[PDB]
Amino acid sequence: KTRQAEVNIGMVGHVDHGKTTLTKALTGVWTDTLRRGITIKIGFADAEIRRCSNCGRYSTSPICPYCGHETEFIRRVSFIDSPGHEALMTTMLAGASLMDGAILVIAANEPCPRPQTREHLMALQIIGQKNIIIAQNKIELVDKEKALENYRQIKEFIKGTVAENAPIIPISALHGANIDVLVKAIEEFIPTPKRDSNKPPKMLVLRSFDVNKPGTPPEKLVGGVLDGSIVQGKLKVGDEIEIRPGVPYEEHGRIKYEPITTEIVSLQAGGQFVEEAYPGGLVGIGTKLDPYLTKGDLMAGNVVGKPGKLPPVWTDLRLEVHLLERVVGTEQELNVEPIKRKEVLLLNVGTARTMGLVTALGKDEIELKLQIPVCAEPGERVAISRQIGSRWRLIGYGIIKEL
């Protein structure tokens, strides 16, 4: 196999407690020439967890930060980061199938459960993500008294939650105090799961492009390229894939997507090109398709698989609605009024984003017509977002049922 990322660690917590700084500090050195995704504004940053041969400590660096000797490759992982309390919330509920663990960054200099910190623990709780590590950050700002008081708070906050058995590591994302302990804990907690590679392949296309540029060579200059997260099985150079919703056609009915098929020419994972790609990190598939079809991220939201073995495409959707008890916001925004027949909601499933029209009401279940077909497996969770002014606020989530 490859030395590509083996697991996805979501970086969650208050937008300011330090998640963003810690990610950059750990990933900066494995950067080549993040995002906002197009559907979800999620970003993927890889980082090679290494062990210093001489002093025995862990880091995310080639050369031991301390003694200075060469460190050894132990594993490669990929953190999922995203400025924006909501966007991360959305991505989690929607694509919970992407994370394998999460690092909850809580600032020690602030009362423990901040309105935003609760929502995350809330989302992690809803998607059953139990492989969590807690990083009490900014220990360089609270004397040992306040620190122990924060710790206890954190302890009272996590009891009876999925992060009930998560360590609480005091760290300085700014000075890197105990980053060696943290990085090591990612190996202790959050190990690469046992995944059967033989299961049919499924990849959620996060982005689609046209790497072409009047660079002008007419030969075998690349075709359409898709980037996504393999979540099941594996893709291999030379594979014949079937893309999901597909390419639109001309008004027989009004708008119709036909599923298209292509052949994989390349696969990037980890910074290099490989002949086989696996879950963990982002994968760049090279196809024999017309770049004119992937240009501008038009393929974004689609799913890829082996011709025949894929999810069902939908054109309508009934869901098992579960509104959320949110705390971050202003009272108006807060007490969500229930969805109404005829409202136009914002839906997020996998990496697909589409508007839906409520055309039915029941007891904690609703119906919706899709603005754009979305390839999804039933029982999969869908993020439901209502507007509220000029913005789009996450009010709850639904459960795909059959119509």
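Residue numbers here begin at 1 and follow the sequence given.
Hey, how big is the hole between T33 and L34 in terms of deposited residues without coordinates: none, 1 to 3, 4 to 9, or 10 or more? Unresolved stretch here: 4 to 9 residues.
331 to 339 versus 356 to 364 - which carries the larger mean C-alpha B factor in the record: Result: 331 to 339.
Tell me which stretch has the larger mean Cα B-factor in this entry, 215 to 223 or 274 to 282. The deposited B-factors put 215 to 223 ahead on the C-alpha mean.
Please pick out which of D290, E187, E86, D100 has the largest Cα B-factor as recorded in the entry. It is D290.
Member of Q125, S78, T262, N131 with the greatest C-alpha B factor (per the PDB record): Top of the list by C-alpha B-factor: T262.
When the modelled residues of the chain are sorted by Cα temperature factor, does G379 land in the lowest, middle or highest third? According to the entry, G379 has a C-alpha B-factor in the chain's middle third.
Going by what the PDB entry lists, where does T39 fall on CA B-factor within its chain: lowest, middle or highest third? Tercile = highest for this residue's CA B-factor.
By the record's CA B-factor, is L174 among the lowest, middle or highest third of residues in the chain? For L174, whose C-alpha B-factor we compare with every modelled residue in the chain, the answer is the lowest third.
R326 by Cα B-factor - lowest, middle or highest third of the modelled chain: Ranked within chain, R326 CA B lands in the highest tercile.
Among all modelled residues of this chain, ranked by Cα B factor, put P200 in the bottom, middle or top third, i.e. lowest, middle or highest. It belongs to the middle third of the chain when residues are ordered by C-alpha B-factor.
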